[PDB]
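Peer 1: Please see the structure below; I have some questions.
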Amino acid sequence: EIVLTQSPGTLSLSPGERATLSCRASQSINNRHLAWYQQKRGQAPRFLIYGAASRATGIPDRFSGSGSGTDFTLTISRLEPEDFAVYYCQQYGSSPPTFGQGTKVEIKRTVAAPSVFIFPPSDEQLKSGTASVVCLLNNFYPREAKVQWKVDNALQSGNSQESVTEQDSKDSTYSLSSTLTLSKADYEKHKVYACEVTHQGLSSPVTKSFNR
Amino acid sequence: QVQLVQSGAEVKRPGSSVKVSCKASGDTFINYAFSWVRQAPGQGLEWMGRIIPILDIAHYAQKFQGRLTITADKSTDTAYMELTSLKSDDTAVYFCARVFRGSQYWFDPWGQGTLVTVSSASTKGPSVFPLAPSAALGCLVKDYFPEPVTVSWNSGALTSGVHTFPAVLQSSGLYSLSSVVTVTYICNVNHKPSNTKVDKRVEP
Amino acid sequence: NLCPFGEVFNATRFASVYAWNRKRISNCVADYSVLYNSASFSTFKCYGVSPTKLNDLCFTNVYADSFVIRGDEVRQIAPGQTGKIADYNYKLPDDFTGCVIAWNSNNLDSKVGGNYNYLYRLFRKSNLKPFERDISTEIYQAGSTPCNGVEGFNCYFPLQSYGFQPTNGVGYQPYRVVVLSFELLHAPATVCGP
Ligand SMILES: *[C@@H]1O[C@H](CO)[C@@H](O)[C@H](O)[C@H]1NC(C)=O
């Protein structure tokens, strides 16, 4: 009635397997008043099902819903590669309509290893007060990353906690990055700045390290 | 048929009001109510209010009762929205919906959304940094407030591996992004709002 | 001393059919002959009482029901009628005593492009009782499947806009109607005549 939570959150599924999204109620919505949407990245939400059982006009037969009083489920059989977006829940059993969180259906591809690169500053970057050291990972399937640093005493984040976002591609791969921010002459004065990431099978990646 | 066309983005100052429009077309305007729903970056949807054109009555939420003023012009078929005393955490994509004239409803027709930013600052040009790596190389556009920025590579020469990283809002209110592609590599940056067509040369 | 009639005939803003404004006017002197010879109306049907000899009678307490309808629905404002206004919007009793006054108001109640300020109840569950005001706005349960709040199908919105366009026919124009109820009883009367 007031809060809606999705169980999967980020459901990785193969292009063709059936999906099962969950959205449990909070105060026992009486007349199955729940609606599902499809909010594509950078677009408007698409209305799919009203009343949790009847689909809208133009919706294919692949989408189907269930649930009676406190737990409604969305069934997407034979998931096509086009239905890769966020799916929100919306209830209208009470006066104020409340939404949910959304399940990001992502592509399921083979696990790959990332590539570590280091971008040391230059003559125009050292004598500028904005010395940035960028460490990025490319072509990796597990988007969850634990990119770490070794700034002169320990796993010190400091200015390396930028945590630049990423997104998928045609080959179902992600590529994030992380930039730094230093002082006028605190780069070459300190020790070597390393970069690692706790990857699924590459927890200790050492490649292309630049000393000062 | 039914096209709820909204306006564009609005670069607004903190502590002010905004006025977005929703051009309702297709069917009649009085036979359908209109509701506005915002979407914060990464967060969910929030139902702000709903106007009934045939009754000229509005119903706001508990956190918007006394701050939101939504009108409805029954002549040009346009729905308006006004927020008084905007704060810094109101940067969200405001969508226009066409709900039915009932106590309970669903948001079947949507619009296009407006990325109205409320935490603004001074406008700056793209300050590209020549990142020299230890050939994986990129260009880090730094210190620019306006979101729309086209970080290309020699008039779009490289079209393979040019991953435009999404920008992240820094503490100085000037978000920055990078574009690293492994292949003269003069990454041309085109700033659309301001006039600064900097083409910084970056070589490893 | 004179009874105020400039707020029910010369009112700048009238009300809708389902939300007609009832005004009680008593303890006054009210002359009704200045409205007949004014020749500024269209219908002056006096039910029960006569159009004349009304300035020589003292009434107990009279009312003034004002609303705006269309030209094809003026005949429904009469004792013992049927249709849509007399069934769900404004019902008159079979023993109604008084005069029904109506005149064309298209010159000021017809906004260019369709005036959507005047509404009327399209259909309700039961018929309206004489001198009853139903301002409910819930959806009308029709068909068989209960909607339970939503509009959907088989549940339509009761209110409907007239859409008074300036370029309409003689039957699709606004007509402001003023209904006076000359309530007579054996009790001491207050609204006397000159
Ligand atoms: C309305 O105003 C006109 C013009 O002054 C006047 O002749 C008329 O008597 C007024 N109506 C009533 C009911 O007095």
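Going through the structure tokens in order, the chains are called A, B, and so on, while each chain numbers its residues from 1 and the ligands are numbered from 1 in the order shown.
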Go through the chains and note each residue within 8 Å of ligand 1, using only C-alpha atoms and all ligand atoms, then give the set as a PyMOL selection string.
Peer 2: chain C and resi 4-10+34-35+38
Peer 1: Can you build me a table of chain A residues sitting at most 12 Å from chain C, with the closest atom pair per residue and its distance in Å to one decimal, using only C-alpha atoms, sorted by chain and residue number, as CSV?
Peer 2:
residue,atom,partner,partner_atom,distance
A:30,CA,C:148,CA,10.1
A:31,CA,C:148,CA,7.9
A:32,CA,C:148,CA,11.0
A:33,CA,C:150,CA,9.7
A:50,CA,C:152,CA,10.0
A:51,CA,C:150,CA,10.3
A:56,CA,C:152,CA,11.7
A:92,CA,C:150,CA,8.9
A:93,CA,C:149,CA,8.7
A:94,CA,C:149,CA,9.6
A:95,CA,C:149,CA,9.9
Peer 1: Looking at only C-alpha atoms, which of C:140, C:116, C:153, C:123 is the one that sits closest to chain B?
Peer 2: C:116
Peer 1: Write out as JSON, numbers by chain every residue belonging to chain A that has an atom at most 9 Å from any atom of chain B, counting only C-alpha atoms.
Peer 2: {"A": [33, 34, 35, 37, 43, 44, 45, 46, 47, 48, 50, 56, 88, 90, 91, 92, 93, 94, 95, 96, 97, 98, 99, 100, 101, 102, 117, 118, 119, 120, 121, 122, 124, 125, 132, 133, 134, 136, 162, 163, 164, 165, 166, 167, 175, 176, 177, 179, 208, 209, 210]}
Peer 1: Find the residues around residue C:45 up to 9 Å (only C-alpha atoms counted), leave out those fewer than 6 positions away in its own chain, and share them as number ranges by chain.
Peer 2: C: 51, 78, 98-101
Peer 1: How about saving the chosen residues, N, CA, C and O atoms kept, as a compact mmCIF listing (two decimals), in the first residue's frame?
Peer 2:
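The new file part18.txt reads:
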# COMPACT_ATOMS: atom_id res chain seq x y z
N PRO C 51 -49.15 34.69 -14.08
CA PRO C 51 -48.15 35.73 -14.37
C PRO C 51 -48.53 37.11 -13.87
O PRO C 51 -47.64 37.93 -13.62
N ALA C 78 -40.01 21.76 -15.45
CA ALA C 78 -41.46 21.92 -15.33
C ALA C 78 -42.02 20.81 -14.44
O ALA C 78 -41.43 19.73 -14.36
N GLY C 98 -45.05 28.42 -8.60
CA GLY C 98 -44.06 29.44 -8.86
C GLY C 98 -43.94 29.69 -10.35
O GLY C 98 -44.76 29.24 -11.14
N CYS C 99 -42.88 30.42 -10.71
CA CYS C 99 -42.64 30.80 -12.10
C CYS C 99 -41.24 30.36 -12.51
O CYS C 99 -40.29 30.52 -11.74
N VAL C 100 -41.13 29.82 -13.72
CA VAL C 100 -39.86 29.41 -14.28
C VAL C 100 -39.41 30.47 -15.27
O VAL C 100 -40.07 30.71 -16.29
N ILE C 101 -38.29 31.13 -14.97
CA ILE C 101 -37.77 32.23 -15.77
C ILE C 101 -36.47 31.78 -16.42
O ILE C 101 -35.57 31.28 -15.74
Peer 1: Counting only C-alpha atoms, which of B:126, B:102, B:15, B:26 gets nearest to chain C?
Peer 2: B:102
Peer 1: Do me a favour and pick out the residues of chain B within 10 Å of chain C, using only C-alpha atoms, as a CSV table (one decimal) with N, CA and C atoms, in the first residue's frame.
Peer 2:
chain,number,residue,atom,x,y,z
B,30,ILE,N,-10.5,17.2,-21.6
B,30,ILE,CA,-11.3,17.2,-20.4
B,30,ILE,C,-11.7,15.7,-20.0
B,31,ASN,N,-11.7,14.8,-20.9
B,31,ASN,CA,-12.1,13.4,-20.6
B,31,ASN,C,-11.0,12.6,-19.9
B,53,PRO,N,-8.9,18.1,-15.0
B,53,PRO,CA,-9.3,19.3,-15.8
B,53,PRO,C,-10.8,19.6,-15.8
B,54,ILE,N,-11.7,18.6,-15.8
B,54,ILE,CA,-13.1,18.8,-15.8
B,54,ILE,C,-13.6,19.4,-14.4
B,55,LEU,N,-12.9,19.1,-13.4
B,55,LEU,CA,-13.2,19.6,-12.0
B,55,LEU,C,-12.3,20.7,-11.5
B,56,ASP,N,-11.1,20.9,-12.2
B,56,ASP,CA,-10.2,21.9,-11.8
B,56,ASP,C,-9.8,21.8,-10.3
B,74,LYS,N,-7.4,24.5,-20.2
B,74,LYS,CA,-8.3,23.8,-21.0
B,74,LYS,C,-8.5,24.4,-22.4
B,75,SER,N,-7.7,25.3,-22.8
B,75,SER,CA,-7.8,26.0,-24.1
B,75,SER,C,-6.8,25.4,-25.1
B,76,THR,N,-5.5,25.4,-24.7
B,76,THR,CA,-4.4,24.9,-25.5
B,76,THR,C,-4.1,23.5,-25.2
B,99,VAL,N,-3.6,10.1,-16.5
B,99,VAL,CA,-4.4,9.2,-15.8
B,99,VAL,C,-5.9,9.4,-16.0
B,100,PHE,N,-6.7,8.4,-15.6
B,100,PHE,CA,-8.2,8.5,-15.8
B,100,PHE,C,-8.8,9.3,-14.7
B,101,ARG,N,-10.1,9.7,-14.9
B,101,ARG,CA,-10.8,10.5,-13.9
B,101,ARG,C,-11.5,9.6,-12.9
B,102,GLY,N,-10.7,9.1,-12.0
B,102,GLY,CA,-11.1,8.2,-10.9
B,102,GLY,C,-10.3,8.3,-9.7
B,103,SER,N,-10.8,7.7,-8.6
B,103,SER,CA,-10.0,7.7,-7.4
B,103,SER,C,-8.8,6.8,-7.5
B,104,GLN,N,-8.9,5.7,-8.2
B,104,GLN,CA,-7.7,4.9,-8.5
B,104,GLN,C,-7.5,4.9,-10.0
B,105,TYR,N,-6.2,4.8,-10.3
B,105,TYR,CA,-5.8,5.0,-11.7
B,105,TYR,C,-4.4,4.4,-11.9
B,106,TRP,N,-4.0,4.2,-13.2
B,106,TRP,CA,-2.7,3.8,-13.6
B,106,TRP,C,-2.2,4.8,-14.6
Peer 1: Please run DSSP on the backbone and report, as a ChimeraX atom specification, all residues within chain A that come out as strand (DSSP E).
Peer 2: /A:5-6,12-13,19-24,34-39,45-50,54-55,63-65,71-76,86-87,89-91,98-99,103-104,106-107,117-119,134-140,148-149,174-176,195-196
Peer 1: List every residue of chain C that DSSP, applied to the backbone of this structure, assigns to helix (DSSP H, G or I), and report them as a PyMOL selection string.
Peer 2: chain C and resi 33-36+54-56+71-73+85-88
Peer 1: With N, CA and C atoms retained, write the just-selected residues as a CSV table (one decimal), in the first residue's frame.
Peer 2:
chain,number,residue,atom,x,y,z
C,33,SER,N,-43.8,42.3,-11.2
C,33,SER,CA,-44.3,42.8,-12.5
C,33,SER,C,-43.2,43.5,-13.3
C,34,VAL,N,-42.1,43.9,-12.7
C,34,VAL,CA,-41.0,44.5,-13.4
C,34,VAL,C,-40.2,43.6,-14.2
C,35,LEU,N,-40.4,42.3,-14.0
C,35,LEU,CA,-39.7,41.2,-14.8
C,35,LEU,C,-40.5,40.8,-16.0
C,36,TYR,N,-41.8,40.8,-16.0
C,36,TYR,CA,-42.6,40.4,-17.1
C,36,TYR,C,-42.5,41.5,-18.2
C,54,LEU,N,-49.6,38.7,-9.0
C,54,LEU,CA,-48.6,38.3,-8.1
C,54,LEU,C,-48.0,39.4,-7.3
C,55,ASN,N,-48.3,40.7,-7.6
C,55,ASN,CA,-47.9,41.8,-6.8
C,55,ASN,C,-49.0,42.1,-5.7
C,56,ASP,N,-50.0,41.4,-5.6
C,56,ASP,CA,-51.1,41.6,-4.7
C,56,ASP,C,-51.2,40.4,-3.7
C,71,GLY,N,-30.5,25.0,-24.6
C,71,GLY,CA,-31.8,25.3,-25.1
C,71,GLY,C,-32.8,24.1,-25.3
C,72,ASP,N,-32.3,23.0,-25.6
C,72,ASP,CA,-33.1,21.8,-25.8
C,72,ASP,C,-33.5,21.1,-24.4
C,73,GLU,N,-33.0,21.6,-23.3
C,73,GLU,CA,-33.4,21.1,-22.0
C,73,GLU,C,-34.2,22.0,-21.1
C,85,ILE,N,-32.2,16.1,-17.3
C,85,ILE,CA,-32.1,17.2,-16.2
C,85,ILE,C,-33.1,17.0,-15.1
C,86,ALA,N,-34.3,16.6,-15.5
C,86,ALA,CA,-35.3,16.4,-14.5
C,86,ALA,C,-35.2,15.1,-13.7
C,87,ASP,N,-34.3,14.2,-14.2
C,87,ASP,CA,-34.1,12.9,-13.6
C,87,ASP,C,-32.8,12.8,-12.7
C,88,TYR,N,-31.7,13.5,-13.1
C,88,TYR,CA,-30.5,13.4,-12.3
C,88,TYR,C,-29.9,14.7,-12.0
Peer 1: Between atom CA of residue C:110 and atom CA of residue C:174, what is the distance, to one decimal in Å?
Peer 2: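 Spanning atom CA of residue C:110 to atom CA of residue C:174 is a straight-line distance of 7.2 Å.
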Peer 1: Report, in Å with one decimal, the straight-line distance from atom CA of residue B:80 to atom CA of residue B:147.
Peer 2: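 Going from atom CA of residue B:80 over to atom CA of residue B:147, I get 24.6 Å.
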Peer 1: Tell me, as an mmCIF file with C-alpha atoms, in the first residue's frame, which residues lie within 10 Å of residue C:3, counting only C-alpha atoms; anything in the same chain fewer than 6 positions away does not count.
Peer 2:
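And here's part.cif as it stands now:
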data_model
loop_
_atom_site.group_PDB
_atom_site.id
_atom_site.type_symbol
_atom_site.label_atom_id
_atom_site.label_comp_id
_atom_site.auth_asym_id
_atom_site.auth_seq_id
_atom_site.Cartn_x
_atom_site.Cartn_y
_atom_site.Cartn_z
ATOM 1 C CA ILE C 25 -35.198 35.543 0.520
ATOM 2 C CA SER C 26 -37.735 36.565 3.168
ATOM 3 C CA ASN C 27 -38.841 39.618 5.164
ATOM 4 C CA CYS C 28 -38.957 41.931 2.158
ATOM 5 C CA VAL C 29 -41.229 43.553 -0.416
ATOM 6 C CA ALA C 30 -40.916 41.872 -3.818
ATOM 7 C CA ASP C 31 -42.493 43.224 -7.004
ATOM 8 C CA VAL C 191 -42.626 38.366 1.341
ATOM 9 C CA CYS C 192 -45.479 40.770 0.593
#
Peer 1: Applying 9 Å and only C-alpha atoms, which residues near residue B:70 remain after dropping the ones on its own chain fewer than 2 positions away? List them as a list in words.
Peer 2: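 So the residues in contact are residues 36, 49, 50, 51, 58, 68, 72, 79, 80, 81, 82 and 83 of chain B.
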Peer 1: How would the residues just chosen look if you wrote them out with C-alpha atoms as a compact mmCIF listing (two decimals), in the first residue's frame?
Peer 2:
# COMPACT_ATOMS: atom_id res chain seq x y z
CA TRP B 36 3.14 14.33 -12.80
CA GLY B 49 0.17 15.27 -7.76
CA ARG B 50 -2.75 14.94 -10.14
CA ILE B 51 -5.05 17.53 -11.74
CA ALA B 58 -5.79 18.86 -7.52
CA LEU B 68 3.40 22.16 -5.56
CA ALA B 72 -4.35 22.90 -16.43
CA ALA B 79 -0.60 20.93 -18.32
CA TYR B 80 1.75 23.06 -16.22
CA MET B 81 3.78 22.44 -13.07
CA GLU B 82 5.26 24.91 -10.60
CA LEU B 83 7.36 24.19 -7.50
Peer 1: Got a sec: who's within 6 Å of stretch 116-123 of chain B, counting only C-alpha atoms, leaving out chain neighbours fewer than 5 positions off, as a PyMOL selection string?
Peer 2: chain B and resi 9-14+88+91+145
Peer 1: For the selection just defined, write its residues with N, CA, C and O atoms to a file, as an mmCIF file, in the first residue's frame.
Peer 2:
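The result, stored in part_9.cif:
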data_model
loop_
_atom_site.group_PDB
_atom_site.id
_atom_site.type_symbol
_atom_site.label_atom_id
_atom_site.label_comp_id
_atom_site.auth_asym_id
_atom_site.auth_seq_id
_atom_site.Cartn_x
_atom_site.Cartn_y
_atom_site.Cartn_z
ATOM 1 N N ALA B 9 15.013 20.692 -21.290
ATOM 2 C CA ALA B 9 15.658 20.814 -19.991
ATOM 3 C C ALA B 9 15.693 22.272 -19.547
ATOM 4 O O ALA B 9 15.662 23.197 -20.365
ATOM 5 N N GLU B 10 15.759 22.474 -18.233
ATOM 6 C CA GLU B 10 15.742 23.806 -17.639
ATOM 7 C C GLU B 10 16.890 23.917 -16.645
ATOM 8 O O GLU B 10 16.837 23.326 -15.562
ATOM 9 N N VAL B 11 17.923 24.673 -17.013
ATOM 10 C CA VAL B 11 19.041 24.958 -16.116
ATOM 11 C C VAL B 11 18.574 26.052 -15.159
ATOM 12 O O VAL B 11 18.582 27.236 -15.498
ATOM 13 N N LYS B 12 18.163 25.658 -13.958
ATOM 14 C CA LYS B 12 17.584 26.573 -12.987
ATOM 15 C C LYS B 12 18.527 26.759 -11.805
ATOM 16 O O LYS B 12 19.324 25.876 -11.477
ATOM 17 N N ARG B 13 18.423 27.940 -11.157
ATOM 18 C CA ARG B 13 19.215 28.322 -9.999
ATOM 19 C C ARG B 13 18.591 27.778 -8.718
ATOM 20 O O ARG B 13 17.369 27.616 -8.634
ATOM 21 N N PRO B 14 19.409 27.479 -7.709
ATOM 22 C CA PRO B 14 18.859 26.985 -6.441
ATOM 23 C C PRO B 14 18.005 28.042 -5.758
ATOM 24 O O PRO B 14 18.371 29.218 -5.690
ATOM 25 N N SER B 88 18.087 21.693 -3.253
ATOM 26 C CA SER B 88 19.162 21.131 -4.060
ATOM 27 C C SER B 88 18.924 19.677 -4.446
ATOM 28 O O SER B 88 19.541 19.197 -5.403
ATOM 29 N N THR B 91 16.691 17.698 -8.296
ATOM 30 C CA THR B 91 17.139 17.390 -9.652
ATOM 31 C C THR B 91 16.629 16.008 -10.033
ATOM 32 O O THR B 91 17.151 14.990 -9.574
ATOM 33 N N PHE B 145 30.185 22.594 -16.344
ATOM 34 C CA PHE B 145 28.872 22.454 -15.725
ATOM 35 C C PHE B 145 27.825 21.885 -16.684
ATOM 36 O O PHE B 145 27.160 20.902 -16.334
#
Peer 1: Within 6 Å of residue A:139, counting only C-alpha atoms, which residues qualify if same-chain residues fewer than 3 places away don't, as number ranges by chain?
Peer 2: A: 114, 173-174
Peer 1: Rounded to one decimal, what separation in Å do you get between atom CA of residue C:11 and atom CA of residue C:66?
Peer 2: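 Separation between atom CA of residue C:11 and atom CA of residue C:66: 9.5 Å.
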